[PDB]
Amino acid sequence: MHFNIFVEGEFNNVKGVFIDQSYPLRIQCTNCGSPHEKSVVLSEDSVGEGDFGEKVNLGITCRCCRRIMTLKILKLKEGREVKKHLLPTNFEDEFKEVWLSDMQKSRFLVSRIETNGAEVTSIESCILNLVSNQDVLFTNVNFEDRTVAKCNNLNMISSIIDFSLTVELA
Amino acid sequence: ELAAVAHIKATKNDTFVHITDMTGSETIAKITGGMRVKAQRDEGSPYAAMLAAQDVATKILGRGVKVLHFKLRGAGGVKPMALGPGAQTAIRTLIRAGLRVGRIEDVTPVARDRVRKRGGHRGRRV
Amino acid sequence: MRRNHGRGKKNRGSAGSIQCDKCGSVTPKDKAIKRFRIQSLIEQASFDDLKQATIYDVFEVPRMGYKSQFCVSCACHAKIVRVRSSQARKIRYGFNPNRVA
Amino acid sequence: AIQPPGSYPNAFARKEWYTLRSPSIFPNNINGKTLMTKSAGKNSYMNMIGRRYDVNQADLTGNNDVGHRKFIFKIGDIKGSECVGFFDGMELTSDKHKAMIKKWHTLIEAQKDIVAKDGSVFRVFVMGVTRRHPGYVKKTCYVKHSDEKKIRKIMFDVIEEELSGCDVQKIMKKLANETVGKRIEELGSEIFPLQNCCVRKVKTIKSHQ
Amino acid sequence: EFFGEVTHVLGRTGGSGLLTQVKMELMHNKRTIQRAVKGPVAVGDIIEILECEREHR
RNA sequence: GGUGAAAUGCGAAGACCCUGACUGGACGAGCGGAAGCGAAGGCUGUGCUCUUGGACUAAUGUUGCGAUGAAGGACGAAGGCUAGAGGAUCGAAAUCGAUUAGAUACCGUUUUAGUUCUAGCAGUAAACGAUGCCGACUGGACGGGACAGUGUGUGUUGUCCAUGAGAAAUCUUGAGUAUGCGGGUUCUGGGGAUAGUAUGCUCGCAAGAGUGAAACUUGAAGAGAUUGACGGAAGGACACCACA
Ligand SMILES: [Zn+2]
């Protein structure tokens with residue numbers, strides 16, 4: 001069962017968004033219904049092993065159902081989702097590198113997960129990154145608790161209102 | 001009162017809970033555990049058979065049905081013919097919602113001279 | 001190993017074959033492992049709730065009989081049959097059809 | 001909900017309820033209701049003719065020691081707000097049928113056709129098992145092959161001098177009292193003692209009614 | 001609620017030796033009954049119930 | 001739906017599930033067993049018909065007409081091949097999806113020859129009890145199947161114990177009856193490997209079958225049993241450097 005992470009709200013002078021692939025969430029055991037009482041962190045450099053010995057990111061043993069549960073991150077293959085871009089620099093060819101998804105239905109795709117035996121029901125936080133409409137990049141944009149990010153490129157305002165993160169089955 | 005029949009198919013995957021007429025030609029409710037979970041591995045477990053026999057309970061219990069005659073089955077034929085795990089936990093969940101019980105029977109299909117089935121001369125080597 | 005040579009066949013050439021109930025492999029009928037069981041149609045941890053639900057004044061819960069048939073690999077793996085020692089290999093168990101009840 | 005929300009693309013109140021009524025031979029004539037989807041105005045209810053239902057013989061005639069037998073009826077007429085059934089078959093329940101076959105015994109079976117008085121044709125299947133006498137000490141109880149061919153000839157004659165040209169109202173009277181299973185067990189037990197002799201099933205091949 | 005006094009200790013059969021089978025004897029109307037408990041029970045003890053309709057074995 | 005878990009693939013032109021009618025090929029469950037029959041290969045629905053076997057029972061006929069058997073002849077699982085008919089299920093080859101360091105494999109999806117019948121060719125199997133045929137003689141115990149008798153007999157056959165035999169495992173109408181060595185009559189073997197390979201010949205539509213060497217190489221290859229070591233072997237006990 002595959003999941004998708006999205007960013008919602010109304011966007012003003014934004015061109016792209018991207019998380020850094022490391023964030024906490026909350027899971028719950030299928031065949032049980034009982035939820036995990038903590039928030040686990042799912043990075044992309046972690047290592048694990050399932051029942052057949054495959055290489056996954058995280059591994060938890062469901063207490064009630066009494067089996068193993070695995071999660072792992074996919075990468076959003078570069079031919080249809082990420083659409084390589086560039087950005088400005090000094091006079092010789094630096095041209096800073098970035099990948100940015102597409103705004104299909106008034107939201108951006110940022111990550112993709114594959115799950116066995118567990119099930120994600122929420123996500124707590126992340127590390128946000130903003131790309132101006134022309135060329136300037138804001139890193140680690142401190143979003144409000146009131147869900148409005150805002151930064152200024154020395155004159156103008158790029159901002160996002162009604163900010164939230166979701167998890168939809170794919 | 002008013003009586004209906006409950007056809008309950010239960011195998012290693014995906015129990016069924018299907019309620020019909022006395023003739024059997026008119027359906028009153030049909031909910032399969034398997035449209036209660038999101039993992040394909042657990043379509044046929046006893047927790048998903050309890051989530052399925054509770055929706056069927058509240059619905060037909062307002063549509064006027066009071067009594068139930070049962071008809072159980074496995075998969076029969078050239079397939080394994082014995083009731084699965086989520087069989088007994090859908091019956092016990094309807095008996096508690098308030099319904100009464102009539103006759104009980106087992107109606108699995110019996111091959112009296114079958115056809116050949118999968119695997120070969122050596123079987124499925126896993 | 002055995003004086004059977006592993007199967008109950010005497011004074012005939014061929015003896016008919018069957019397909020195993022778990023993997024589906026082809027085996028002689030005299031060599032397969034066969035088991036018979038009578039199970040109640042309703043679970044035993046559910047009889048109390050069924051005595052208040054019944055509408056008839058007298059009810060008998062049904063029972064069915066089942067014959068099973070497996071191959072040597074599938075019965076050994078499933079622990080239907082186990083490895084025995086050299087002398088205990090010779091002990092056969094039966095049914096006695098002349099028992100009183 | 002296994003699928004994502006959208007990927008792949010009250011009528012019950014406007015229905016009808018009828019009443020099923022069985023033949024008047026049995027005391028309990030009323031056996032339940034049956035729905036009907038009102039397809040059209042002045043809906044031809046010939047879509048409700050042909051349906052088929054069964055009832056346990058312990059419910060037609062309130063009695064408990066005969067609850068191992070069933071009767072099967074077929075709808076053939078509508079009178080106002082009420083349906084009528086006709087005799088269509090008979091069978092044993094699968095749990096009682098299984099309990100008569102025994103390891104180390106012989107099983108004899110026959111079958112035969114009969115013709116009723118109006119021309120309806122029925123097939124009849126019969127059954128029997130061998131019996132041990134009160135001082136038995138062997139392991140098997142088997143009849144010789146040439147003597148199963150003699151008991152089978154007897155089973156063909158009992159079937160066709162009772163169930164023959166005769167009304168259908170009484171063919172349902174001697175299928176309920178076990179008249180055929182009791183003649184088989186005395187004419188046939190003079191070749192070998194038998195037990196569990198019964199009619200196993202009845203089919204309708206071609207009815208008139 | 002109801003009551004009952006344990007009078008026989010059949011055995012300890014749990015997943016990891018946690019539960020213990022027992023044979024109670026209801027008191028408002030005498031009836032032996034099997035039942036599984038969870039704590040450290042002895043003989044002569046009187047347990048509570050809130051419904052007496054199961055036997056477990 | 002199926003899986004250790006999934007993916008390809010099927011589903012709003014309504015699948016899956018429940019019901020009324022039909023069509024088609026294949027198969028003959030349970031009863032079904034250390035039970036029967038056939039030269040062997042093999043043979044389980046019911047009723048008719050043409051053919052067949054061994055045993056038993058007897059004051060029938062005949063009168064040695066017999067045992068073995070290079071050369072010759074007929075039959076012979078499954079797969080394959082040649083013609084016609086047929087087409088449910090399963091499925092080599094091909095093909096994608098997984099798994100993997102890699103898998104042209106195990107597991108799965110799409111889809112074939114074949115799998116069935118009639119008429120033939122072919123001639124092989126761990127075609128095995130890995131156990132020529134005929135004749136004489138030999139202790140017990142518990143059984144089965146057929147016939148005849150009346151407290152038993154003849155032909156067959158399963159299990160278990162001695163005597164005897166054997167390198168031992170084991171054998172019990174024989175693997176017994178003395179190296180104390182001869183009842184009649186055949187076949188096959190003569191250290192391993194080269195090799196059931198070359199060549200000639202006979203048979204076959206073919207695929208192949210039958211018969212069948214040498215040069216050169218080499219000190220062991222093999223049978224049955226004993227004590228150890230090991231097993232991604234099975235059990236029974238145990239332990240807050242194990243769990244609850
Ligand atoms: Zn198997």
Side-chain angles (χ1 to χ4, degrees), chain A residues 1-2 50-54 67-68 70 114-117, chain B residues 5 7-9 11-14 16-21 23-28 30-32 34 39-41 43-44 71 73 78 110-122 124-126, chain C residues 1 3-5 7-16 18-19 24 29-30 34 36 65-67 69 76 79 82-85 90 92, chain D residues 3 8-9 47-53 74-75 97-98 100-112 129-130 138-140 142 144-145 149 152-153 156, chain E residues 14-19:
Chain A
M1 51 197 290
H2 298 244
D51 271 19
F52 263 48
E54 53 270 12
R67 70 204 195 190
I68 312 314
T70 60
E114 182 175 299
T115 289
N116 184 291
Chain B
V5 182
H7 307 263
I8 291 174
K9 182 184 167 196
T11 82
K12 172 178 97 82
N13 316 323
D14 200 74
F16 279 70
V17 194
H18 183 183
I19 304 187
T20 49
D21 203 32
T23 52
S25 180
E26 284 275 350
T27 289
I28 315 175
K30 182 168 105 135
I31 293 171
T32 80
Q40 293 164 5
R41 168 162 59 180
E43 303 166 338
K71 300 204 190 160
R73 79 166 267 180
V78 286
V110 181
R112 313 159 162 95
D113 314 337
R114 39 184 56 73
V115 291
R116 176 164 194 111
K117 61 150 177 175
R118 294 164 66 97
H121 197 75
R122 291 147 73 195
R124 186 183 181 254
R125 327 309 283 158
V126 282
Chain C
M1 209 152 173
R3 179 168 169 133
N4 266 1
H5 308 298
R7 52 183 205 152
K9 184 201 100 166
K10 294 292 170 177
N11 285 303
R12 71 200 42 108
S14 86
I18 52 170
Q19 213 149 357
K29 178 191 191 169
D30 61 307
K34 302 177 276 265
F36 186 82
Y66 305 98
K67 207 194 173 196
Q69 261 173 13
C76 278
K79 286 301 152 274
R82 280 193 213 67
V83 166
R84 287 192 302 182
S85 73
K90 307 213 206 185
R92 306 162 71 82
Chain D
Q3 296 267 79
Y8 194 82
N47 185 38
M48 199 152 44
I49 285 172
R51 299 181 175 185
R52 176 186 258 149
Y53 67 102
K74 203 146 151 82
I75 296 186
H97 186 27
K98 185 78 178 186
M100 308 179 198
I101 288 89
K102 295 178 180 330
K103 191 75 183 287
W104 312 126
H105 285 243
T106 314
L107 159 73
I108 306 102
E109 316 169 311
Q111 82 193 15
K112 183 78 164 292
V129 187
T130 62
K138 303 192 286 199
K139 185 177 66 37
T140 48
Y142 292 136
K144 292 202 215 290
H145 185 237
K149 290 171 68 29
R152 211 177 269 123
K153 276 297 169 198
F156 289 149
Chain E
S16 58
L18 183 69
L19 282 71

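Side-chain atoms are counted along with the backbone in the values below, which use heavy atoms only and exclude waters and symmetry mates. Naming: A, B, ... by sequence-line order, numbering from 1 per chain.
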Asker: Should F/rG174 be called syn or anti, with syn set as within 90° of 0?
Answerer: syn

Asker: Would you kindly give the CG-to-P distance between C/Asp30 and F/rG158, to the nearest whole Å?
Answerer: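 Going from C/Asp30 (CG) to F/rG158 (P), I get 15 Å.
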
Asker: Mind checking whether F/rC171 and F/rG164 form a Watson-Crick or G-U wobble pair, both distances under 3.5 Å?
Answerer: yes

Asker: Expressed as a whole number of Å, how far does the P atom of F/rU95 sit from that of F/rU104?
Answerer: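 Those two atoms are separated by 11 Å.
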
Asker: Describe the nucleic acid contact of B/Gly119 in one word from base, sugar-phosphate, nothing, applying a heavy-atom distance below 4.0 Å.
Answerer: sugar-phosphate

Asker: Give the rounded distance in Å between these two atoms: CZ of B/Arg114 and P of F/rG30.
Answerer: 8 Å

Asker: Please check the phosphate of F/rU172 (OP1 and OP2 only) for any side-chain N or O of C/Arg3 closer than 4.0 Å.
Answerer: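 Yes, C/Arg3 has a side-chain N/O under 4.0 Å of OP1/OP2 on F/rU172.
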
Asker: Contact class for B/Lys30 vs. all strands (heavy atom < 4.0 Å): base, sugar-phosphate, or nothing?
Answerer: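 Touches a base.
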
Asker: So B/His18, base contact, sugar-phosphate only, or nothing? Heavy-atom distance under 4.0 Å.
Answerer: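 Here B/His18 touches the bases of the nucleic acid.
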
Asker: Watson-Crick or G-U wobble, both distances under 3.5 Å: is that what F/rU211 and F/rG200 have going on?
Answerer: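 Verdict: paired bases.
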
Asker: Could you state the atom-to-atom distance from NE2 of D/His145 to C1' of F/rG32 in whole Å?
Answerer: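 Rounded to the whole Å, the gap is 14 Å.
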
Asker: Return the nearest nucleotide to the side chain of A/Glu54; candidates are F/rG33, F/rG108, F/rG4.
Answerer: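 The listed nucleotide nearest to A/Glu54's side chain is F/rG4.
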
Asker: Check whether the side chain of B/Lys117 and the base of F/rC90 form a donor-acceptor pair under 3.5 Å.
Answerer: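 No pair found.
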
Asker: Is there a Watson-Crick or G-U wobble pair linking F/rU82 and F/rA119, both distances under 3.5 Å?
Answerer: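 Yes, a Watson-Crick or G-U wobble pair.
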
Asker: Using the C1'-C2'-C3'-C4' torsion, classify the pucker of F/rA175 as north or south, with positive meaning north.
Answerer: south

Asker: Quote, to the nearest angstrom, the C1' distance that separates F/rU226 from F/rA169.
Answerer: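 13 Å, rounded to whole Å.
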
Asker: How close or far is atom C1' of F/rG4 from atom CZ of B/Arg124, stated in whole angstroms?
Answerer: 9 Å

Asker: Could you classify F/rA70 for me, syn or anti, using a glycosidic angle within 90° of 0 as syn?
Answerer: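 Because its glycosidic torsion lies within 90° of 0, F/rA70 adopts the syn conformation.
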
Asker: Would you tell me if any nitrogen or oxygen in the side chain of D/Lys98 comes within less than 4.0 Å of OP1 or OP2 on F/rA29?
Answerer: no

Asker: Indicate, with a heavy-atom threshold strictly under 4.0 Å, whether B/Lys71 touches base, sugar-phosphate, or nothing.
Answerer: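 Contact class for B/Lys71: none.
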
Asker: OH of D/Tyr142 versus P of F/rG144: gap in Å, rounded?
Answerer: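 Taking atom P of F/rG144 as the reference, OH of D/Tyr142 is at 13 Å.
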
Asker: Just call it for A/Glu114: base, sugar-phosphate, or nothing, with non-hydrogen atoms closer than 4.0 Å on any strand.
Answerer: nothing

Asker: For a quick test of reading the model: is some side-chain N or O of D/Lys149 closer than 4.0 Å to OP1 or OP2 of F/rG47?
Answerer: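 For F/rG47, OP1/OP2 do have a side-chain N/O of D/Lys149 under 4.0 Å.
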
Asker: Can you identify which nucleotide, out of F/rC31, F/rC18, F/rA21, has its nearest atom closest to the D/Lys74 side chain?
Answerer: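 The closest nucleotide is F/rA21.
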
Asker: In this structure, how many angstroms lie between the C1' atom of F/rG30 and the NZ atom of C/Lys67, rounded?
Answerer: 8 Å

Asker: Checking contacts here: which listed nucleotide (F/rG25, F/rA6, F/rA21) is nearest the side-chain heavy atoms of B/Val115?
Answerer: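 Of the candidates, F/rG25 comes closest.
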
Asker: If you sort sugars by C1'-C2'-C3'-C4', with positive as north and negative as south, where does F/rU218 go?
Answerer: north

Asker: OP1, OP2 of F/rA105 versus side-chain N and O of B/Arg125: anything below 4.0 Å?
Answerer: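 No, outside the criterion.
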
Asker: Pick north or south for the sugar of F/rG145; the rule is positive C1'-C2'-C3'-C4' for north, negative for south.
Answerer: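 North, since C1'-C2'-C3'-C4' is positive for F/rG145.
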
Asker: Closest to the C/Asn11 side chain: F/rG1, F/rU46, F/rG158?
Answerer: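 Shortest atom-to-atom distance from the side chain points to F/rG158.
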
Asker: Does A/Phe52 stack onto the base of F/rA5, taking stacking as ring centres under 5.5 Å apart and planes under 30° apart?
Answerer: no

Asker: Applying the 3.5 Å rule to both hydrogen-bond distances, is there a Watson-Crick or wobble pair between F/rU116 and F/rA85?
Answerer: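 They are paired, because both relevant distances stay under 3.5 Å.
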
Asker: Do any side-chain nitrogens or oxygens of B/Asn13 fall under 4.0 Å of OP1 or OP2 in F/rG2?
Answerer: yes

Asker: Using the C1'-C2'-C3'-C4' torsion, classify the pucker of F/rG196 as north or south, with positive meaning north.
Answerer: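 Here the torsion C1'-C2'-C3'-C4' comes out negative, placing F/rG196 south.
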
Asker: Would you indicate, yes or no, if F/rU159 has its OP1 or OP2 atom less than 4.0 angstrom from a side-chain nitrogen or oxygen of C/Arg92?
Answerer: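 Result: no.
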
Asker: According to a 3.5 Å cut-off on both distances, are F/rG108 and F/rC230 Watson-Crick or G-U wobble paired?
Answerer: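 No pair, by the stated definition.
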
Asker: Under 4.0 Å between any heavy atoms, over every strand shown, what does A/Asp51 touch: base, sugar-phosphate, or nothing? Just pick one.
Answerer: nothing

Asker: Please classify the nucleic acid contact of D/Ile101 as base, sugar-phosphate, or nothing, using heavy-atom distances under 4.0 Å.
Answerer: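 Contact class for D/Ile101: base.
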
Asker: Closest approach to the side chain of D/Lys103, judged atom by atom: which nucleotide of F/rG158, F/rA7, F/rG32 is it?
Answerer: F/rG32

Asker: Determine whether any donor atom in the side chain of C/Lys90 lies under 3.5 Å from an acceptor atom in the base of F/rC160, or the reverse, and answer yes or no.
Answerer: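 Such a pair does not exist between side chain and base.
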
Asker: Tell me what D/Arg51 touches on the nucleic acid: a base, only sugar-phosphate, or nothing, going by heavy atoms under 4.0 Å.
Answerer: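 The residue D/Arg51 makes no contact with any strand.
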
Asker: Describe the nucleic acid contact of C/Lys79 in one word from base, sugar-phosphate, nothing, applying a heavy-atom distance below 4.0 Å.
Answerer: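 The residue C/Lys79 makes sugar-phosphate contact but no base contact.
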
Asker: If stacking means aromatic ring centre less than 5.5 angstrom from the base's six-membered ring centre, planes under 30°, is D/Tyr8 stacked on F/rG11?
Answerer: yes

Asker: Quick one: is D/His105 getting a side-chain N or O under 4.0 Å of the F/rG32 phosphate, OP1 or OP2?
Answerer: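 It does not, given that no N or O in the side chain of D/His105 lies less than 4.0 Å from OP1 or OP2 of F/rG32.
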
Asker: Once you apply a heavy-atom cut-off of 4.0 Å, does C/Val83 come out as touching a base, just sugar-phosphate, or nothing?
Answerer: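 C/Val83: no heavy atom of the nucleic acid under 4.0 Å.
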
Asker: Indicate syn or anti for F/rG33, taking the glycosidic torsion and treating anything within 90° of 0 as syn.
Answerer: syn

Asker: Looking only at side-chain atoms of B/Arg116, point me to the closest of F/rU89, F/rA12, F/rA5.
Answerer: F/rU89

Asker: Where the side chain of C/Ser14 is defined as all heavy atoms beyond and including C-beta, which of F/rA34, F/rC147, F/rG42 is the nearest nucleotide?
Answerer: F/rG42

Asker: Looking at every strand, decide which applies to C/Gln19 at a 4.0 Å heavy-atom threshold: base, sugar-phosphate, or nothing.
Answerer: nothing

Asker: Strictly below 4.0 Å: does D/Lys144 bring a side-chain N or O up to OP1 or OP2 of F/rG36?
Answerer: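 No, outside the criterion.
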
Asker: Classify B/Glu26 by what it touches in the nucleic acid, base, sugar-phosphate, or nothing, heavy-atom distance under 4.0 Å.
Answerer: nothing

Asker: Going strictly by the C1'-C2'-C3'-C4' torsion (positive north, negative south), how would you label F/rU173?
Answerer: south

Asker: Counting only Watson-Crick or G-U wobble geometry with both distances under 3.5 Å, does F/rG120 pair with F/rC81?
Answerer: yes

Asker: Roughly, in whole Å, what's the span from NZ in D/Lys138 to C1' in F/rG143?
Answerer: 12 Å

Asker: Rounding to an integer number of Å, can you tell me how far C/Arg84 CZ sits from F/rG236 P?
Answerer: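 Taking CZ of C/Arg84 and P of F/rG236, I get 16 Å after rounding.
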
Asker: For a quick check of understanding: with a heavy-atom distance under 4.0 Å over all strands, which category does D/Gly50 fall into, base, sugar-phosphate or nothing?
Answerer: sugar-phosphate

Asker: Is a donor-acceptor contact shorter than 3.5 angstrom present between the side chain of D/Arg52 and the base of F/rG20?
Answerer: no

Asker: When you check the phosphate oxygens OP1 and OP2 of F/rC18, does a side-chain N or O of B/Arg73 lie under 4.0 Å from one of them?
Answerer: yes

